[PDB]
Each structure stands twice: as structure tokens, then as C-alpha cells.
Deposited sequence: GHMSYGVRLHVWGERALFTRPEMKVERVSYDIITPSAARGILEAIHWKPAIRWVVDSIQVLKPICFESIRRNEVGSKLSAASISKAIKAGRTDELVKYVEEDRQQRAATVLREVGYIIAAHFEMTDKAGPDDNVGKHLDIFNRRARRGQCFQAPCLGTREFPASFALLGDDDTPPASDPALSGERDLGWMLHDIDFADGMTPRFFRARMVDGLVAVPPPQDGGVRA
């Protein structure tokens, strides 16, 4: 059993879909990953009975980045000159505490997903019930926890869209966004998988699990 697809407009001032291979600095992927999209639908509603599957992502806004940080050239110079490692250690600890990042700026996507009923489904569980809890909640802007744009420091706004339906020159045509995190192993909820994302007039089809992921 699967639901009809829902459609969820998500956006924010900033986003950070952390690239996993660069495990020192935090850099964002060019667009929301399927796992982060799944993770937003689950924030609105999830239960063991159900499995959210992301089918496609529509990028609404141009891909722009920004260097951001949450003690400078001359201070280093002076503390070395003054022979003060204590201050130099404080400056190092302090720099790490800014947790420098390269984040997406002013984003907005449309997530197209559905859920499938799981083997954890009880007699009281069905598509109708669970689809209606989701829609009621999304319409109302309420959720189990605040959805995020990749990391918890970036809250996700969202509105539910209707059933039906690319004019930005930056988004049109076929574009190869290359390899990116697809989603995490359902099984151990830890070992990541990847797919080559391709974008057509904003639309990025998302392969299912059993496929040329990794």
C-alpha cells in the first residue's frame, strides 16, 4: 500500500546540507538531499507504520553560497610578537567555535514524495489515516519537531501545495549536479549512499532505494 504523492513547499534564508567527505569544514551541497527532504516530512509526521519516499525535488531559487561564522591578522601578529601562546591557543579554540561554513543562501524547494505502509503497520494503520494526519498538519504549520534545512541552526518554513503543476535562466536546461548523498541505509540508519543528481528545468528526479545508488 502506498499513498498518492503529496507536495511540500519548503524554504529558508539559509541552508546547509553538509558534504560528508569534507569532515573538517562544513560545506553545503548545491541542493537539498533526499535524506534531508525525507527528514522534513518525518518532522511533520512519522510513525513506524510508514516510510516516506522522496520522488523528486524542484529547485525554486538560484544556487548561491555564502561564507558564514557564528581575533584576526594583526592580533596573531601581535601575540606571536608578544610571545603569547595562551592567547594563540584561545584564538585557535575561538576560531573552531565560529564553525566556519559555506551555506546556501535564500533557498526554496518543492518536495514531491509519498509514503509506503511498512511491516510495522497495525490494524489501526492505513494510508488514509496517515495521509490525513500529514495534510492536516502541514496545512496548519504544525509538526512533531521543527523541520530543518540540513542542520538544526537553520529552521525550515513550509506550506502544503495542491495537486497540480521554471522561468529562471539559472535553473533551465539539463544540468549535471554530479554526485551527492542520496540517503542513509534504512537498515543501520548510518552508512550513506550516493547518486548522480541531474536537473531538468529545476526538476531533479530522485531514484528509489533499489537502484544505481552508490
Please report every deposited-sequence interval that has no C-alpha in the structure, sorted by position. 1, 72-77, 173-175, 225-226
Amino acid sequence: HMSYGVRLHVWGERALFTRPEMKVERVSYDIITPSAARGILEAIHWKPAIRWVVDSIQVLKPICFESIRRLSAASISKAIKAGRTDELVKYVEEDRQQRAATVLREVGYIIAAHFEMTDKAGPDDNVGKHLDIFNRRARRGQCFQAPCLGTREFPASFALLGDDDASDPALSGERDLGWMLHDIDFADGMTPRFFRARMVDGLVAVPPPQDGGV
From here on, numbers count along this sequence of modelled residues.
If you average the CA temperature factors over each stretch, which comes out higher, 8-16 or 188-196? 188-196
In the PDB record, does 80-88 or 107-115 carry the higher mean Cα temperature factor? 80-88
So if I compare the CA B-factors in the entry for 175, 51, 26, 61, which one is the largest? 26
Please pick out which of 182, 45, 70, 38 has the largest Cα B-factor as recorded in the entry. 70
Ranking the modelled residues of this chain by C-alpha B-factor as given in the entry, is residue 135 in the lowest, middle or highest third? lowest
Name the third of the chain's ranked CA B-factors that contains residue 151, choosing lowest, middle or highest. middle
Record-listed C-alpha B factor of residue 166: chain third: highest
Quick one: classify residue 145 as lowest, middle or highest third of the chain based on its Cα B-factor. highest
